[PDB]
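J.:
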Amino acid sequence: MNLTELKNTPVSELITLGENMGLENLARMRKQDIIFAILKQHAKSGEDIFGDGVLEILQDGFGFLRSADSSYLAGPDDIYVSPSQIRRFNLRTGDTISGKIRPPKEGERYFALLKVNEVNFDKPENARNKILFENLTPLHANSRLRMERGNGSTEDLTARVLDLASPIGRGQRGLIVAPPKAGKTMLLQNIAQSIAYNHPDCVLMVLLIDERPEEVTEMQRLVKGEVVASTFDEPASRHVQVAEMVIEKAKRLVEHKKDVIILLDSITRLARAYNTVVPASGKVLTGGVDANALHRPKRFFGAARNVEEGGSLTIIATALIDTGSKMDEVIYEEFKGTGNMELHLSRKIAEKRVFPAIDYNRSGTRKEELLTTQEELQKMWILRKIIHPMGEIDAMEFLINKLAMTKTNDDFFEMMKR
Amino acid sequence: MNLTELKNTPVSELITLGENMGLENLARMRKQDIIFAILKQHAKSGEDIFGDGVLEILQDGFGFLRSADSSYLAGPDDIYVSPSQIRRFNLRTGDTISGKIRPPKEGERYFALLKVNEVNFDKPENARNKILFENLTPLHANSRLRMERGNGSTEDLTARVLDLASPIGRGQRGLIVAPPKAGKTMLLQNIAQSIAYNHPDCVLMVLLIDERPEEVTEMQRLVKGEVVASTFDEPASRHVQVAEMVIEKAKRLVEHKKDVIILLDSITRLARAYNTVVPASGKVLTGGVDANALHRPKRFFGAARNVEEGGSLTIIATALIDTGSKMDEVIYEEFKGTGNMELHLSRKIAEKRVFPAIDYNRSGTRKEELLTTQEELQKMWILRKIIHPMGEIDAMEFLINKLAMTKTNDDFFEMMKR
Amino acid sequence: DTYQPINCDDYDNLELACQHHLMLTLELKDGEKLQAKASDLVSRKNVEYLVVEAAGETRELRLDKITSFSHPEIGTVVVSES
Amino acid sequence: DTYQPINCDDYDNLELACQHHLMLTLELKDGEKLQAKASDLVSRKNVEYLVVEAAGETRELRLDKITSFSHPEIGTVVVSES
Ligand SMILES: Nc1ncnc2c1ncn2[C@@H]1O[C@H](COP(=O)(O)OP(=O)(O)O)[C@@H](O)[C@H]1O
Numbered sequence: 001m002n003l004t005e006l007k008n009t010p011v012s013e014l015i016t017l018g019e020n021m022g023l024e025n026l027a028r029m030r031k032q033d034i035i036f037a038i039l040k041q042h043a044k045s046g047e048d049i050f051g052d053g054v055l056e057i058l059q060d061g062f063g064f065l066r067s068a069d070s071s072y073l074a075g076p077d078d079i080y081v082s083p084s085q086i087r088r089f090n091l092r093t094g095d096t097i098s099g100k101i102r103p104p105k106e107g108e109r110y111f112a113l114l115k116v117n118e119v120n121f122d123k124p125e126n127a128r129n130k131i132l133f134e135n136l137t138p139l140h141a142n143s144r145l146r147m148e149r150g151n152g153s154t155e156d157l158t159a160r161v162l163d164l165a166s167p168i169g170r171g172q173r174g175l176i177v178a179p180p181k182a183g184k185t186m187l188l189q190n191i192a193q194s195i196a197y198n199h200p201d202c203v204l205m206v207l208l209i210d211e212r213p214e215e216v217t218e219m220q221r222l223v224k225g226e227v228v229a230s231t232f233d234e235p236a237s238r239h240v241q242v243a244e245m246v247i248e249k250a251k252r253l254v255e256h257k258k259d260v261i262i263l264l265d266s267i268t269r270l271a272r273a274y275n276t277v278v279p280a281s282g283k284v285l286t287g288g289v290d291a292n293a294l295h296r297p298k299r300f301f302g303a304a305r306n307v308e309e310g311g312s313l314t315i316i317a318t319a320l321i322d323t324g325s326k327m328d329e330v331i332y333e334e335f336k337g338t339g340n341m342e343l344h345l346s347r348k349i350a351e352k353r354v355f356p357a358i359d360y361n362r363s364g365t366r367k368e369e370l371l372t373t374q375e376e377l378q379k380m381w382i383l384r385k386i387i388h389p390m391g392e393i394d395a396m397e398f399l400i401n402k403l404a405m406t407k408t409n410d411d412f413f414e415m416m417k418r
Numbered sequence: 001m002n003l004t005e006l007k008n009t010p011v012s013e014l015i016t017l018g019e020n021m022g023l024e025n026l027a028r029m030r031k032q033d034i035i036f037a038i039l040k041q042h043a044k045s046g047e048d049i050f051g052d053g054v055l056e057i058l059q060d061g062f063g064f065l066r067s068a069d070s071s072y073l074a075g076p077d078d079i080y081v082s083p084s085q086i087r088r089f090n091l092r093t094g095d096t097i098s099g100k101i102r103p104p105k106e107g108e109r110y111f112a113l114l115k116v117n118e119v120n121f122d123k124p125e126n127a128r129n130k131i132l133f134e135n136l137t138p139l140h141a142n143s144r145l146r147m148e149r150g151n152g153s154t155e156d157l158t159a160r161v162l163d164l165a166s167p168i169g170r171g172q173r174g175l176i177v178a179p180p181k182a183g184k185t186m187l188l189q190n191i192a193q194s195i196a197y198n199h200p201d202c203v204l205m206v207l208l209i210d211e212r213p214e215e216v217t218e219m220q221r222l223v224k225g226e227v228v229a230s231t232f233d234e235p236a237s238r239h240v241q242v243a244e245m246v247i248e249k250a251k252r253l254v255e256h257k258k259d260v261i262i263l264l265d266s267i268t269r270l271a272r273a274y275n276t277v278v279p280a281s282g283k284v285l286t287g288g289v290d291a292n293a294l295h296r297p298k299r300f301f302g303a304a305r306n307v308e309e310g311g312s313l314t315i316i317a318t319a320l321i322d323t324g325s326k327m328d329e330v331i332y333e334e335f336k337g338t339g340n341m342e343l344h345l346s347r348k349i350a351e352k353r354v355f356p357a358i359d360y361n362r363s364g365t366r367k368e369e370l371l372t373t374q375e376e377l378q379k380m381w382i383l384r385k386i387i388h389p390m391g392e393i394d395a396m397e398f399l400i401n402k403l404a405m406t407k408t409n410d411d412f413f414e415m416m417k418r
Numbered sequence: 003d004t005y006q007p008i009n010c011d012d013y014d015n016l017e018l019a020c021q022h023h024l025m026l027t028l029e030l031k032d033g034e035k036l037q038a039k040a041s042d043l044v045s046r047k048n049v050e051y052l053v054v055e056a057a058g059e060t061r062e063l064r065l066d067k068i069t070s071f072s073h074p075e076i077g078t079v080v081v082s083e084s
Numbered sequence: 003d004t005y006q007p008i009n010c011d012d013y014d015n016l017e018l019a020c021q022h023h024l025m026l027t028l029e030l031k032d033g034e035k036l037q038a039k040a041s042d043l044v045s046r047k048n049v050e051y052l053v054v055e056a057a058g059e060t061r062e063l064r065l066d067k068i069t070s071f072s073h074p075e076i077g078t079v080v081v082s083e084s
């Protein structure tokens, strides 16, 4: 059978297949062990087995193909690639490899690759002639990712406000500064739904770090793209691993001239994970943050760019403030001036039970004239002039009232014009 | 008869029982020795003898059926189970096994499990086909646990205000933040009494870590459900060992579509116990707590969830703040954004002899609209709007005054409005 | 008809004999003697079975049908059907 | 005539063969048998080649043209048609 759909079937359905096949006592072990067991039994019949995954090269030299269903968690069912294969095909970590697999031999504990017939959704000899991501020249974003769905629903109101405040383009590097309770999660979900509907071609990845287990489940059911998360009960090295896999996988897709969007929640929790893992260097900043700890989170955030050739990489990360931790404040200080887009959520607007709780005055984008047209930019400047005197709570209440009556931002500008 | 009945049998009663059946010597006061002898005579006569306990598999391969009365402490009377039986029936740590019990063989210190007929309160064949806890999909808590009793006594005020401040649902990962002196133990007792009376079906467990023996004695009397505790004089390894027994026992019950509620006192003490038992990871952060030390307690705390298939596990843990030592506060900072419900206790309200000293403006859950009905949530929002400008100390006085003359919160809402 | 699991001690004796390749003497309900080599214990369809390679036939039979087992090296006991 | 790459396991067998310098026997599609040692694996123009020191001239041949190869240390290996 194909390994990819086995990892998608429910655990209860796997038990029925395993018992039917001939296995027993597989109802009291983890899903990875169940999948490995049924694959082992099927391999004894001599039938070919197809598997796929994302390559992760270890420091020793060999690598494993890990699946996004388990959030790239190491397990018995992971496929093993020999160092020669990584040298035969010019394979880097993050490459998506598909092909046939074989059962482990004596002294082997993992399934091994048998025949590679697809690398990064392309022929193996064509994927090895792609220029590396580091060699691509960054550019300012010039293609607009319009969040406005235009159906006039209440959940579409957040998308319309987002277009007015901070336009988002392909290759943007945005930050969402949020207090502890400002509807941050629903803001990300609204963005993900807008991306899936308006731009089905763009590859969407949602990355969650130190997330509660129940929050992960609802995100996977809602987001149309791919959701990879690490719960807070997992070790700090696990948070780093999943983040490295996502960014490397995104880079490989961009090398094939694809638009990749990464929604990160949160850059603060990612930085704290790196602080734990990175060895101390003796230069500890305020709040107990190592100086070299933040070098790697910035590399993750700094990869967002608009490639001059085909492709783009958009990263929209959330930064946590007012959490009562000195470490969180220090982390946000270093990431303050690094983003093209800034979107500020206001606690007080949320306390008034008004959503989206967006601080319009403090949120904007750099070089926004490239994303929008000429006439639309003039209308946006008119709106910002009106909003500027108003207070943060008053502005959002006023803004939603004028948007509720209209159905599209074009109509909203026309009504506001007269 | 069975071993369990002889455990709690009064010393005078068992002497009367022993003399009539034909026990030669009963002058000795050692309870374990005499109950050992009567079982041996029963075995020689062929009389069947039964026993029960909670399985605890050790790293060697075999385990023992510990008893909840002794707080799962290792003892001579613990029933030994061979590793062959562990392989025969799929047994994990925490399973409760009841069945025939064999007297110890010559050279064996402990009794051996003669036969097992009921595991986890179900037939052995059916209990081996239960999906593992890790394979269950978490969900947000939807069905709530009402604790507003209709007695109307003075103790019911603490339950009623807790219902208004922060609802509790099945699978809620609640957290209690308390100063050193805020009447914390009273709050746990009120919840335990409320849970037992309102929800008899839900299994209730109370876990106490680093607790004085006098507190354990009264807690067991008050709480109807099982109470397991470890005294402070015991080594730190005991606190870790008892914690594993409680959580693993809960997980096995949840696999049988059971709702399990765990009250913890406290997560701060449990974190300290794990800190001193785990090997040093080479990197130590502020407060002298190892980075990998906190991984294990998060596994305990993060197990609380609402299983989609059926049943739930509710863990409500207490945390200590501003207790002098900075180790306590860094532990709380690590567990801050990890719980669904957050209930705060204020010292300045406790000093004024106003109980319960909860901070209404700084406590609450995350998704109240699932636990409460549509109408109740609006009333809570209206009440929250009134309380919000008020200070923490005066708000409690406002709450207790208006809750004194109201029998039920529904009547309180009618009185509150207009 | 319905299979009844054997006692744990009876299960252990066969388990320890099969795990280190100990020859076992079979006594069934009918009363026939089957002195051969037992390899291990296999459980299928929630029913425990014993495989005995009697002259290479590798016969498979239910555990509850065994009346008793005897051997000089290990303790010789008779299972209880209760 | 396109080039059909060999399976990963077969490629690994030749890969460590070059490292240990085995005197493996090569059998081709036409049935030509030779005894030589593979120096290394060289791939050019997206076509993999095997270089062996038969007759001391370092001949080069395609991977897919190899039918079977064997050594006294590692058993006979037959490459799949796929
Ligand atoms: N657009 C919205 N419409 C209605 N309610 C909202 C909206 N955004 C946020 N909320 C409310 O604010 C709360 C914020 O929860 P959530 O966003 O899940 O966590 P966080 O704020 O930490 O990201 C939710 O309980 C939700 O009821």
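Chains as they are written, first to last, in the authors' numbering: chain B, 1 to 418; chain A, 1 to 418; chain a, 3 to 84; chain b, 3 to 84. Just so you know, even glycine gets a beta-carbon here, dropped at the ideal spot from N, CA and C.
#1: For b:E75, go through chain B and note every residue whose CB falls closer than 7 Å to its CB, in chain order.
#2: Any heavy atom of ligand 1 within a distance shorter than 7 Å of the CB on B:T217?
#3: What in chain A is Cβ-close to a:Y5, meaning under 7 Å?
#4: Answer yes or no: does any C-beta atom of chain B fall closer than 8 Å to that of b:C10?
#5: So is A:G169 in contact with chain B if we call contact Cβ pairs under 8 Å?
#6: Going by the CB atoms, is the gap between A:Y274 and A:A303 shorter than 8 Å?
#7: Less than 8 Å between the beta carbons of A:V228 and A:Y332, yes or no?
#8: Could you have a look at b:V53 and say whether DSSP puts it in helix, strand or coil?
#9: Reducing DSSP to helix, strand and coil, say where B:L294 ends up.
#10: By Cβ distance, which residues of its chain are closer than 6 Å to A:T4, with the 5 residues on each side in sequence left out?
#11: Can you check DSSP and say which residues form a bridge with B:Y80?
#12: With 8 Å set as the bound, which would you pick, yes or no: does the beta-carbon of a:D66 sit closer than that to a beta-carbon of chain A?
#13: In chain B, what lies closer than 8 Å to residue 1 of chain b by C-beta?
#14: Using beta-carbon positions only, say whether A:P83 and A:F64 come within less than 8 Å of one another.
#15: Which runs of the beta strand (DSSP E) at least 3 residues long sit entirely within the region 290-334 of chain B? Give them in chain order.
#16: Please say whether a:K39 and a:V54 have beta carbons closer to each other than 8 Å?
#17: Under the rule that 16 or more other beta-carbon atoms within 10 Å means buried, what is b:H23, buried or exposed?
#18: Does any C-beta atom of chain A lie closer than 8 Å to the C-beta of a:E17?
#19: Say the cut is 7 Å; is the CB of A:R366 nearer than that to a heavy atom of ligand 1?
#20: Going by the C-beta, is B:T158 closer than 7 Å to any heavy atom of ligand 1?
#21: Can you tell me where the beta strand (DSSP E) holding A:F355 begins and where it ends?
#22: Please find out if some non-hydrogen atom of ligand 1 comes closer than 7 Å to the beta-carbon of A:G169.
#23: Secondary structure at a:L63, three-state DSSP: helix, strand or coil?
#24: Confirm the yes/no value for this check: CB of B:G152, any heavy atom of ligand 2, distance under 7 Å.
#25: May I have the straight-line CA-CA distance separating A:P389 from A:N190, to the nearest angstrom?
#26: What is the rounded straight-line gap between the Cα of b:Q6 and the Cα of b:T69?
#27: Counting contacts by CB-CB distance shorter than 8 Å, is A:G310 in contact with chain B?
#28: Whole angstroms are fine: how far does the CA of B:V11 sit from the CA of A:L207?
#29: Tell me whether B:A182, by its Cβ, gets closer than 7 Å to a heavy atom of ligand 1.
#30: Would you grab the beta carbon distance between A:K283 and A:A291 for me? Rounded to a whole angstrom, and I think it's under 8 Å.
#31: Let me see if you follow: with CB-CB separation under 8 Å, is B:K31 close to chain A or not?
#32: Assuming contact is defined by CB atoms lying nearer than 8 Å, are B:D359 and B:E392 in contact in what I supplied?
#33: For A:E125 and chain a, any beta-carbon pair shorter than 8 Å?
T.: Taking the definition as stated:
#1: Position 73 of the fourth sequence holds residue 75 of chain b. Per Cβ cutoff of 7 Å: no residues; b:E75 is ~16 Å from chain B at best.
#2: The sequence position of residue 217 of chain B within the first sequence is 217, counting from 1. No, the beta carbon of B:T217 sits no closer than 7 Å to any heavy atom of ligand 1.
#3: What you label residue 5 of chain a is simply residue 3 of the third sequence in a count that begins at 1. By Cβ distance, chain A contributes nothing, its closest Cβ being about 10 Å from a:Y5, past 7 Å.
#4: Along the fourth sequence, read from residue 1 onward, the residue named residue 10 of chain b stands at position 8. Chain B contact via Cβ: present.
#5: Within the second sequence, numbered from 1, the residue matching residue 169 of chain A stands at position 169. So no, A:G169 is outside the interface.
#6: Counted from its first residue, the second sequence places residue 303 of chain A at position 303. Counted from its first residue, the second sequence places residue 274 of chain A at position 274. Against a cut-off of 8 Å, the Cβ pair of A:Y274 and A:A303 comes out as no contact.
#7: Here the question's residue 228 of chain A lines up with position 228 in the second sequence. Here the question's residue 332 of chain A lines up with position 332 in the second sequence. Not a contact, by the Cβ cut-off of 8 Å.
#8: Walking along the fourth sequence from the start, residue 53 of chain b turns up at place 51. Secondary structure at b:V53: strand, using DSSP grouped into helix, strand and coil.
#9: For the purposes of this step, residue 294 of chain B is taken as residue 294 along the first sequence, with counting starting at 1. The answer is helix: DSSP assigns B:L294 an H, G or I state.
#10: Within the second sequence, the letter at position 4 stands for residue 4 of chain A. Correct list, in chain order: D52.
#11: Sequence index remark: in the first sequence, residue 80 of chain B carries index 80 (1-based). Partner residues in the beta bridge of B:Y80, as assigned by DSSP, are B:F64, B:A112.
#12: Walking along the third sequence from the start, residue 66 of chain a turns up at place 64. At a cut-off of 8 Å between beta-carbon atoms, a:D66 makes no contact with chain A.
#13: Within the shown structure, residues of chain b are numbered from 3 to 84, placing residue 1 of chain b beyond reach of any answer.
#14: In the second sequence, counting from the first residue as 1, residue 83 of chain A sits at position 83. In the second sequence, counting from the first residue as 1, residue 64 of chain A sits at position 64. No, Cβ-Cβ distance for A:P83 and A:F64 is not below 8 Å.
#15: 312-320
#16: Here residue 54 of chain a is taken as the residue at index 52 of the third sequence, counted from 1. Here residue 39 of chain a is taken as the residue at index 37 of the third sequence, counted from 1. The answer is yes: Cβ separation under 8 Å.
#17: Your numbering for residue 23 of chain b matches position 21 in the fourth sequence. Label assigned to b:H23: exposed.
#18: Indexing the third sequence from 1 puts residue 17 of chain a at position 15. Under the 8 Å criterion on CB atoms, a:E17 is classed as interfacial with respect to chain A.
#19: Here residue 366 of chain A corresponds to residue number 366 of the second sequence, with the count starting at 1. True, at least one ligand heavy atom lies under 7 Å from that Cβ.
#20: Here residue 158 of chain B is taken as the residue at index 158 of the first sequence, counted from 1. B:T158 Cβ: within cutoff of ligand 1.
#21: For the purposes of this step, residue 355 of chain A is taken as residue 355 along the second sequence, with counting starting at 1. A:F355 -> no beta strand (DSSP E), and no H or E assigned at all.
#22: The residue given as residue 169 of chain A occupies position 169 in the second sequence. It does not: the Cβ of A:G169 is nowhere closer than 7 Å to a heavy atom of ligand 1.
#23: Here the question's residue 63 of chain a lines up with position 61 in the third sequence. Note: a:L63 maps to strand in three-state DSSP.
#24: No copy of ligand 2 appears in this structure; the ligands present are ligand 1.
#25: Within the second sequence, the letter at position 389 stands for residue 389 of chain A. Within the second sequence, the letter at position 190 stands for residue 190 of chain A. Their Cα atoms are separated by approximately 29 Å.
#26: Taking the fourth sequence and counting its residues from 1, one reaches residue 6 of chain b at position 4. Taking the fourth sequence and counting its residues from 1, one reaches residue 69 of chain b at position 67. Rounded to the nearest angstrom, the two C-alpha atoms are 13 Å apart.
#27: Against the second sequence, residue 310 of chain A aligns to sequence position 310. So no, A:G310 is outside the interface.
#28: Here the question's residue 207 of chain A lines up with position 207 in the second sequence. Here the question's residue 11 of chain B lines up with position 11 in the first sequence. The C-alpha of A:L207 lies about 32 Å from the C-alpha of B:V11.
#29: Your numbering for residue 182 of chain B matches position 182 in the first sequence. At a cut-off of 7 Å, the beta-carbon of B:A182 counts as near ligand 1: some heavy atom of the ligand is closer than that.
#30: Walking along the second sequence from the start, residue 283 of chain A turns up at place 283. Walking along the second sequence from the start, residue 291 of chain A turns up at place 291. Sure, about 5 Å apart at Cβ, within 8 Å.
#31: Taking the first residue of the first sequence as 1, we reach residue 31 of chain B at position 31. Yes, B:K31 counts as interfacial toward chain A.
#32: For the purposes of this step, residue 359 of chain B is taken as residue 359 along the first sequence, with counting starting at 1. For the purposes of this step, residue 392 of chain B is taken as residue 392 along the first sequence, with counting starting at 1. Yes, Cβ-Cβ distance for B:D359 and B:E392 is below 8 Å.
#33: Here residue 125 of chain A is taken as the residue at index 125 of the second sequence, counted from 1. By the rule that beta-carbons nearer than 8 Å mark a contact, A:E125 touches chain a.
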